[PDB]
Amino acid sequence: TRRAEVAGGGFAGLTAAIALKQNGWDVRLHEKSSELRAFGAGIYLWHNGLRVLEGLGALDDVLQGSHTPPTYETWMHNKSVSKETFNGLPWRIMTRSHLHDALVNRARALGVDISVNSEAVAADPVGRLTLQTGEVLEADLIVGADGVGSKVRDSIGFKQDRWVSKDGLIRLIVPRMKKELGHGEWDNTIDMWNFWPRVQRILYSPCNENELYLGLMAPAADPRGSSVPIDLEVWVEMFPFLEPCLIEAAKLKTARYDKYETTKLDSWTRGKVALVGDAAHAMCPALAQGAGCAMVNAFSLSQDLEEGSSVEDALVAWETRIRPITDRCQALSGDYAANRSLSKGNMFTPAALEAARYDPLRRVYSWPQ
């Protein structure tokens, strides 16, 4: 039996572990943290990620208790500038914990061996993974799914450009308060942009009938807008229609102003080691596809390992096949972020939706625009 050692229990690592286990690999997954958890409050998935979930046998648990808004709406200075439904392209909003739980439960159901407090500190291309405990594990495949600060990557040495932004946002889950919001379209995604009187934006993202995912975005140089716990007054001033939800947001002492971070590498493979997710390709969140691409790439890795080739050759074939979708999406999302393109509305163009349109199960693009 082929053995895989996966470093990291995020969406990339769990996807890799499930996909490999379904194909008969002996899979062990190692999470550095003391518990299995997902940070970031909420998350969007699209057709591509939902198809991965179908491929993993985890779609049912995800769709139950998650939300597809009637439309993706954009506001500029409180004026609705677009409503987009992507010509039926499937999409979904959920809490991070909801997605995480579904993947963990599926991995456990399949008998994936999951270890917590288990940090990969070094990886060897010949197929050896060293944990912080000093345990050296031999494997036929090593998956570096260990995030932007991947030690699987950096122990080997990959030529790279990394960037941590000065700016960021505050992501929270609060109650919907739907009745208290009164008249409106409060099941929508609403991306609420402003440049005047200050640069403040809220991405309003319903997760289900109970939970609302809010992203509060202000520059780091704004001492009030970037404050945690949230400066209620400055958010209510520019988003008064969300006051009921913002009052609940202001109670959260766990709120963090998290910075954006990107990674791009010359390659994603070395011998029997494959880098997946933020370890390889962390990107700007404009197109809401960092985890989508991570999951597609992890699932696609399992596919290329079923061709009867050596692991080394399968990994090379995998990157060649799948990386361009991620490269283009990363580049375009970065362009969108820098140009504030989403502020215009109607920017989920055919090109913007390329990654979302990809079906990893059939390996074709679907849901034409």
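What we label the rigid core is the largest C-alpha set whose atoms superpose within 1.5 Å from one form to the other. In case it trips you up, residue 1 is the first one in the sequence shown, and so on.
Using the rigid core as the fitting frame, the root mean square C-alpha deviation in 6 other deposited structures of this protein is greater for 155 to 163 than for the other of 155 to 163 and 184 to 192.
Using the rigid core as the fitting frame, the root mean square C-alpha deviation in 6 other deposited structures of this protein is greater for 164 to 172 than for the other of 85 to 93 and 164 to 172. For the pair 172 to 180 and 234 to 242, the mean Cα B-factor is higher in 172 to 180. When 310 to 318 is weighed against 340 to 348, 310 to 318 comes out higher, by mean CA B-factor as recorded in the entry. Residue set 217, 93, 283, 164: peak C-alpha B-factor at 164 (per PDB entry).
Among the modelled residues of its chain, residue 250 has a C-alpha B-factor that falls in the highest third according to the deposited record. Annotation for residue 262: C-alpha temperature factor in the middle third relative to the rest of the modelled chain, per the entry. Among all modelled residues in its chain, residue 333 ranks in the lowest third by Cα B-factor. In the deposited entry, the Cα temperature factor of residue 364 places it in the highest third of its chain's modelled residues. Ranked within its chain, residue 51 lands in the lowest third, by CA B factor from the PDB record.
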